[PDB]
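First come two forms of one protein chain, each written alone as structure tokens, so that there is a structure 1 and a structure 2.
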Structure 1
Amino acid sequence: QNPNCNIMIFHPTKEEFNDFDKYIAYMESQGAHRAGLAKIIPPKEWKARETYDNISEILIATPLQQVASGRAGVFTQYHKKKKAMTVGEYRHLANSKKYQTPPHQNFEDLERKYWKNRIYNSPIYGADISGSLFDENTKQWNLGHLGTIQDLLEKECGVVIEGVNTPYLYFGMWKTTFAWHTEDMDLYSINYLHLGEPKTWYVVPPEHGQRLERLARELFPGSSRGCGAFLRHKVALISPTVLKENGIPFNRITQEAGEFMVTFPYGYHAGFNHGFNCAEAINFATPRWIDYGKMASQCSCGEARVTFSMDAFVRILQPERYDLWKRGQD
């Protein structure tokens, strides 16, 4: 199923939107995970929140300026902290002459402009904000309350890691960027675009993830000095042209406001925002993730320090393999 690893798009009914884990399993039964990314369009009647009329006063404590260096589709990006500003102030800044989406004729044109001009006018991203815009009354696909087996991390081990098992908000503007990465511990992620302009995603099928890692070693000198998990640093930007020239299989898709994207374990992804927007995202897990969690690379230089023990997950959800697993641990 899904032999070509196409990004699949799902349209669950209201009845199918009641049980998150069940629907994820269904998607995988149709081969969705092979692409590394899927889109879920919610039932017509569903809404995340009644209104967004009163979000302009939210304070973005630490907006980040995203400074890219490089050329010809290959860049490194680093972040500079900027002064706090409200979402209202941020929206005004996003829409200002310096930062507004350039005039363009179509997606392909905007995409070319993104890659060609990435070093100019470093954009400001209101990223990694602890919080949620889902109404408490929204009981289906509420990112604050998905009820997956990832809940063991807090329940069993008392571990809370912001953004992993608590939700993040992202206020974006044109050119704001997520670099190539898998999730910490190779978890799934889910991302809901609440409002505003689109978000474009690139994804390499998990089966080809190692080829992306090899390419990153070829493109980024010194990337392995002192660390075996460079891409966990989330500093590498690599254009689709460069992926194509180097034979790395990938796909692209644009997420619109009101749509969910799910990334699957070890599905490398990267992308960018088209203009002012607001997304919310969180990690989650399933039983199928456990063996990925066991295998996940870990940064060994202190740059990317999100990690946790797999013990509780194997102990509780893989009881018949727990002794075998422990033997491999020592």
Structure 2
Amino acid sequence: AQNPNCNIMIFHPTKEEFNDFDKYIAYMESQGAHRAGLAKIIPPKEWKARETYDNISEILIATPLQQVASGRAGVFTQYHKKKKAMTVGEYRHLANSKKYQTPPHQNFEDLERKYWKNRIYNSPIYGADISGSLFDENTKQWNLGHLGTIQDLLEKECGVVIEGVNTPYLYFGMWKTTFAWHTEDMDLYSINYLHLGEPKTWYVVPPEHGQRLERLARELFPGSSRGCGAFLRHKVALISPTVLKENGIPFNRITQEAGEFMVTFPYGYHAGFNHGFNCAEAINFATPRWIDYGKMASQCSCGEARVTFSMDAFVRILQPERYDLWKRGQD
């Protein structure tokens, strides 16, 4: 069995290997990459996402989100308070202000220490979940707006044609902006490209051990667990590496820098934080290997998780017994 310790693997495809996206994912899996839940892909030196970022300041962040924490430093939830619209140029100036900027630090490890010590005492503002793309239309390789759709994959594998669309999302971050512990909708893959700015640190639990994280989360957030049988779908809970180690939960960590891709694999729980002002693009995708994970994915029916239009058909075809209850949650 390849990669039996479930380590995060890093890949350096050549420009020739960068042509065929599906083939390269399958290659990484042949080497055991999926066992970690997360892989890094460094693009060939010849490749670029677009010519420059000199012209992005006029993108609008219609609903910036202030991420307010509750709990203790290593075990907390966050809620999102909506703020007034601002441009990316306005948000970048805010990120660089004395109130929000990255503190002085020695290296990524010192910064990670400071994040876990101090995160709860601040409320950073995240420009998350903005429909759109920064890839040039002429970029032919690993262009996240030109990928094969999940609807087309389901049709190819299973024969059934369904409604729905699959488009990318932009994320503008600042110091301490946080993504809570989660898997993707319907336990899909994700791919994330860091277009510019400061790094993003990731934590990940191997898919074979995801239920150990779920059992810990039920213990640590006991009210939330009584409220919903899949409350990590709410994407509000944080647990630090120190607390995971104290509880014996297998995990790994890695830092993504500008110009690098990360892929998350079906049922790979992940969480993390941004080091300073940055911009990332991400989208969900599927392969043949996903279908069995989609059939078994948990679902929130309490009403909190509220998701996209396109998830209806996935539930309806892959999970017909759950469909009725899940849709009551959505309405």
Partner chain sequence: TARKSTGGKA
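Shifts are known only where both forms have a C-alpha. What we label the rigid core is the largest C-alpha set whose atoms superpose within 1.5 Å from one form to the other. Counting starts at 1 with the first residue of structure 1 and goes up one by one along its sequence.
Colleague: Between the first and the second structure, which is the form solved without its partner chain?
Modeller: Note: form solved without its partner chain is structure 2; the other is not.
Colleague: Tell me, which of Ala127, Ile149, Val235, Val87 is the one whose C-alpha shifts by at least 2 Å between structures 1 and 2, with the rigid core superposed?
Modeller: That would be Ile149.
Colleague: Core superposed first: is there a CA shift of 2 Å or greater at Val164 between structures 1 and 2?
Modeller: Yes, shifts by 2 Å or more.
Colleague: Does superposing the core leave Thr307 with a CA shift of 2 Å or more between structures 1 and 2?
Modeller: Yes, because once the rigid core is superposed, the C-alpha of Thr307 moves 2 Å or more between structures 1 and 2.
Colleague: After the core is overlaid between structures 1 and 2, has the C-alpha of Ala25 moved by 2 angstroms or more?
Modeller: After core superposition, the C-alpha of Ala25 moves less than 2 Å between structures 1 and 2.
Colleague: For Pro319, what C-alpha shift in Å results between structures 1 and 2 following superposition on the rigid core?
Modeller: Displacement of the C-alpha, rigid core superposed: 17.3 Å.
Colleague: Where the rigid core has been superposed, how far does the Cα of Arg225 end up moving between structures 1 and 2, given in Å?
Modeller: On core superposition, this C-alpha lies 2.2 Å from its counterpart.
Colleague: After superposing on the rigid core, which segments of 3 or more consecutive residues have every C-alpha shifted by 2 Å or more between structures 1 and 2?
Modeller: Moving stretches, in sequence order: 148-164, 224-226, 305-330.
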